[PDB]
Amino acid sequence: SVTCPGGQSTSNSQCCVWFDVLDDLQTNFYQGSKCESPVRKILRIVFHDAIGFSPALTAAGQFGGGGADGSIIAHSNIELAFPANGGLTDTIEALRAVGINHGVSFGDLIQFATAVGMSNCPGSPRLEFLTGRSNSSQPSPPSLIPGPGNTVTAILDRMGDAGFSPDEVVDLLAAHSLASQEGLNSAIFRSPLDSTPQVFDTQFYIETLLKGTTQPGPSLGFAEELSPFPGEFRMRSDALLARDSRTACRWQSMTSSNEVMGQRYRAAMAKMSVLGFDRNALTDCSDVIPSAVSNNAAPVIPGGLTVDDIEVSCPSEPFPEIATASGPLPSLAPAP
C-alpha cells in the first residue's frame, strides 16, 4: 500500500523505518552484504535470545523469560556470562548501537538482522519479519540453553518445553549449514560444520551422517567427535541427533532437497521469532526482506565417499539416492 520516504512501497507505515535499518546493516554490520562471521554470530544470538523462555518455570511460579525480547542485548551483562553465550560480545555491541541509533526495539532488531543476514547467503529462503515487540525485558533465567555435551533426551526436553517438537528441533538445525566453531577447539578456529559454510544447503545433514574417521585438530575440544575429512568440525549433539531413533528419520529426509529443508526451516524460525509474544499483535513487514541468490548445486556426498560411508540411522526409509563426487577427500579452509 503506503510509500516510504525512499520511494519503496510497503503494507504498513510501521515498515518504513526498517528500510533505514536495512541500509545500515548491509553497509556496515555485514560489510557490504557479505555472508560471513557477522551472519553466523547473529544466528547464534536469535536462538539464544528466543530460547530463554520456559513455560515449566512460569507454571512453577517463577519468571520464565520473555523469549524473543532482545534481553540478550538489554541485559547482556547478565546473559553473556552464561556458558553457551561466549564469543558474542562484539556482535551484541555492534547491534546495540544500531538499535539505539534507529530507535527500534532490540527484540525486533535481532529478528530483522537474522532475516537480512540470511539473505546475503546463497540458497536461503525469505524469512518472515514481524515488528512491534516491546523493548522492555527482564534477564533470561540461567540454564535454558541446550549445550553441545547434552544428551538427545535433555535437548528434546528443553526444546519441547519452549514449544518445539523433535522434528522442529531437526529443522532448526539447518542453520548449522552456515556455521563454524570458534570456542570448542580454538586450535582450529572457524573450522566449518559442513563443506559449504557460505551456502544454505543440505550438506550439513549429509556430512554429519558420514562415518567419523578424522581428528581435524591437534587434540579434541569440548564435545568434539571425529569428523569425515580434514578441516570439518563435528560436535557431539549434532552427531547424536543424526543417529538417535527419535530424530534420525527427519534428519535423513533433510538430506536431498534444499527446497524442502528451506521451507521447514522458515516455518520453524517463524515460530521461534514470536516465543513470548502474540504474533497477532505484531505488524508484518516481510516485504522489506530481499531475496537471496539461488543455489543451483545438487546435494552431494563429497570427496569420493559413497552411501557405504553413511551410517544410515532411519530404519524405515531407504537413504536418498544422492550424487557422489570423483575426488580425493577435501580439507576444509576456515569459514570466512
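So that there is no doubt, residue numbering starts at 1 and follows the sequence shown.
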Identify the stretch, either 315-323 or 19-27, whose C-alpha atoms have the larger mean B-factor according to the entry. 315-323
Selected stretch [higher average CA B-factor]: 208-216 or 104-112: 208-216
When you compare the CA B-factors of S286, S37, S273, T58 as listed in the entry, which one comes out on top? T58
Report the option among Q203, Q252, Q198, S186 whose CA atom has the maximum B-factor in the deposited record. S186
How does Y265 rank on Cα B-factor within its chain, lowest, middle or highest third? lowest
Grab the CA temperature factor for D161 from the record and place it in the lowest, middle or highest third of its chain. middle
Among modelled residues of the same chain, the CA temperature factor third for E225: highest
Which third of the chain does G231 land in by C-alpha B-factor: lowest, middle or highest? lowest
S136: CA temperature factor from the record, placed by chain third, in the highest
